[PDB]
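Asker: Model the following, please.
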Amino acid sequence: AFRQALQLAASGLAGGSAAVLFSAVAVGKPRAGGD
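Answerer: Residues are numbered from 1 along each chain as shown. See below for the structure:
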């Protein structure tokens, strides 16, 4: 049972802030041609 064990581990840790890190990549674009 890997499908049942995968959903179980998702509740144990329960992510949240990791979602912010994702968007932090799009808005986190250094000045490649400005300063």
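
Asker: only C-alpha atoms for contact and neighbour calcs from this point on.
Answerer: OK.

Asker: The helix or strand where residue 4 lies: what's the following helix or strand?
Answerer: Using DSSP states H and E, residue 4 sits within helix 2-13. Toward the C-terminus, helix 2-13 is succeeded by helix 18-26 as the next helix or strand (DSSP H and E).

Asker: burial of residue 18, as a residue count?
Answerer: Residues contacting residue 18 under the criterion other C-alpha atoms under 10 Å number 9.

Asker: residue contacts, it?
Answerer: By C-alpha atoms under 8 Å, 6 or more residues apart in numbering, no residues touch residue 18.

Asker: try it again with 10 Å
Answerer: residue 24 (C-alpha atoms under 10 Å, 6 or more residues apart in numbering).

Asker: That one and residue 10, how far apart?
Answerer: 13 Å (C-alpha to C-alpha, to the nearest Å).

Asker: How about residue 21?
Answerer: Distance, residue 21 to residue 10, using C-alpha to C-alpha: 18 Å.

Asker: What separation do you get for the residue of the chain positioned farthest from its centre and residue 22?
Answerer: The centre of the chain is farthest from one residue, residue 35, which by C-alpha atoms, centre = their mean lies 28.9 Å away. Residue 35 is 25 Å from residue 22, where distance means C-alpha to C-alpha.

Asker: again, but for residue 12
Answerer: Here the criterion is C-alpha to C-alpha. By it, residue 12 lies 21 Å from residue 22.

Asker: the more surrounded of those two?
Answerer: Remark: of residue 12 and residue 22, residue 22 carries more neighbours, 11 against 8, as counted by other C-alpha under 10 Å.

Asker: so what's the more buried one up against?
Answerer: Here residue 22 is in contact with residue 28 (C-alpha under 10 Å, 6+ apart).

Asker: redo that, cut-off 6 Å
Answerer: If you count contacts by C-alpha atoms under 6 Å, 6 or more residues apart in numbering, residue 22 has none.

Asker: Noted, bye for now.
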